[PDB]
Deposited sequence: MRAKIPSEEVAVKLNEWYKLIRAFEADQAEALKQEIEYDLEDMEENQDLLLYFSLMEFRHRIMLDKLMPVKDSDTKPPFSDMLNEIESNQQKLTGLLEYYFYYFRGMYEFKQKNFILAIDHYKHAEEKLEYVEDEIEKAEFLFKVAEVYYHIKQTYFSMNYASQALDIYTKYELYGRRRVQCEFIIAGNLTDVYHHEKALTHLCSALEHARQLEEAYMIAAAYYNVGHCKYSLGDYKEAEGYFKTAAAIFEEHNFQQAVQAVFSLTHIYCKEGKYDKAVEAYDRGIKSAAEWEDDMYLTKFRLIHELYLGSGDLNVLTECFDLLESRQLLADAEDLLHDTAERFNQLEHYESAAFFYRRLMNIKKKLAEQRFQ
């Protein structure tokens, strides 16, 4: 009854602390305790929700090259959900939609979960929710709300002296937002602090992410030479530990080689990137690689570029589409292909409008 219900909450704590081995051991213990008890739909729905959250953690730590199944099972009994479980329902599904790059849907789930945030018992657990909200807001370039949520989260971690993965991630988001408003120096200060904090965590994923973000910031600043090494370092760490983030890292590396006119290195990075993206079945980065290749290493065929942007927009990756459109428009402008430049400037306008109306 309450005892196993306590175990489920103790399981939740291990999950949020990224304690994979301890979470697995406690899950199996709960499973045995559930099969040796009477019919309890309240705890069965509790377990199903927590099992879903558990798989999200495992996939994040150890990604591979049945979420939908678990999702539909939970949704089949959502009329029974109330209070705490209803909060988990919207929160966990919001987390899953973020993974699937369905940002608008993720936010809608988060906002519904936020209405029942009273069922969170401690500020540290609350801080995780605030980060996740700030995280998805950053991916739709909602800078204002993202900064607000990330700052609240960061203050909680600072207050309780909890220097874990979540705090470093809060620093990433704050820096990312600052870069979006071109406050690069402030952003770099945060990223430098986040990098050393990531090293203290001794987690390869976070160290590599920290290196990418510094490169990302310097790239935005225009320091292309410096950004090279950061992208290269991040790509190496991500590949060595078999993370899918290695794809994005190589893409940014390829893109910057193209911008610098380092076509030989761009070609090598391109081949490396499309091969990696193919292994991860990452169709969107394959499209992105196809785009920049056409723009820099190819003929610059407008039909190919249009199709690539059509694909990005159809997947609702508007922030990335905005960046690549700006890059495409400016590229044709620098090459004095004014008709093509004007064409992509207008599509850039359209995307900026869609970005603004979604907020």
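Parts of the chain sequence, as deposited, that carry no C-alpha coordinates in this structure: Sequence ranges with no C-alpha atoms are 1 to 6, 72 to 77, 372 to 373.
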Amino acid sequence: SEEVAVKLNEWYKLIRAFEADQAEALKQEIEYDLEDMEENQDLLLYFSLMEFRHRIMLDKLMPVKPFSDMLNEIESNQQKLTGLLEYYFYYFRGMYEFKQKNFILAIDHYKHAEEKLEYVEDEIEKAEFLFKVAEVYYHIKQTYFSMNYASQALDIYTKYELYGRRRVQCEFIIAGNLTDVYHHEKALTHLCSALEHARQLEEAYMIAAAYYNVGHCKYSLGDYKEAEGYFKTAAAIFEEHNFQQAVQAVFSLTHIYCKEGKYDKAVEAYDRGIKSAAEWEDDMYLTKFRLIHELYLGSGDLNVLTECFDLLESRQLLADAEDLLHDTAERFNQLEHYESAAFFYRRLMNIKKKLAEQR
From here on, numbers count along this sequence of modelled residues.
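Higher-B stretch (mean Cα B-factor, as the entry records it), 155 to 163 or 258 to 266: On average, C-alpha B-factors are higher across 155 to 163.
110 to 118 versus 128 to 136 - greater average Cα B-factor per the deposited record: Here the higher of the two C-alpha B-factor means belongs to 110 to 118.
Candidate set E171, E185, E281, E196 [ranked by C-alpha B-factor, highest]: Max CA B-factor in the entry, restricted to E171, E185, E281, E196: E281.
Highest-ranked of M37, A321, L291, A329 once sorted by CA temperature factor in the record: If I rank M37, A321, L291, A329 by C-alpha B-factor, first place goes to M37.
CA B-factor placement of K232, once the chain's modelled residues are sorted into thirds: CA B-factor rank for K232: middle third.
Third assignment of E75 from its chain's C-alpha B-factors: Highest third.
Third of the chain's Cα B-factor distribution that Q245 belongs to, per the entry: Lowest third, going by the recorded CA B-factors of the chain.
Record-listed C-alpha B factor of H216: chain third: For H216, the deposited C-alpha B-factor lands in the lowest third.
Cα B factor band for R93 (lowest, middle or highest third within the chain): Its C-alpha B-factor belongs to the middle third of this chain's values.
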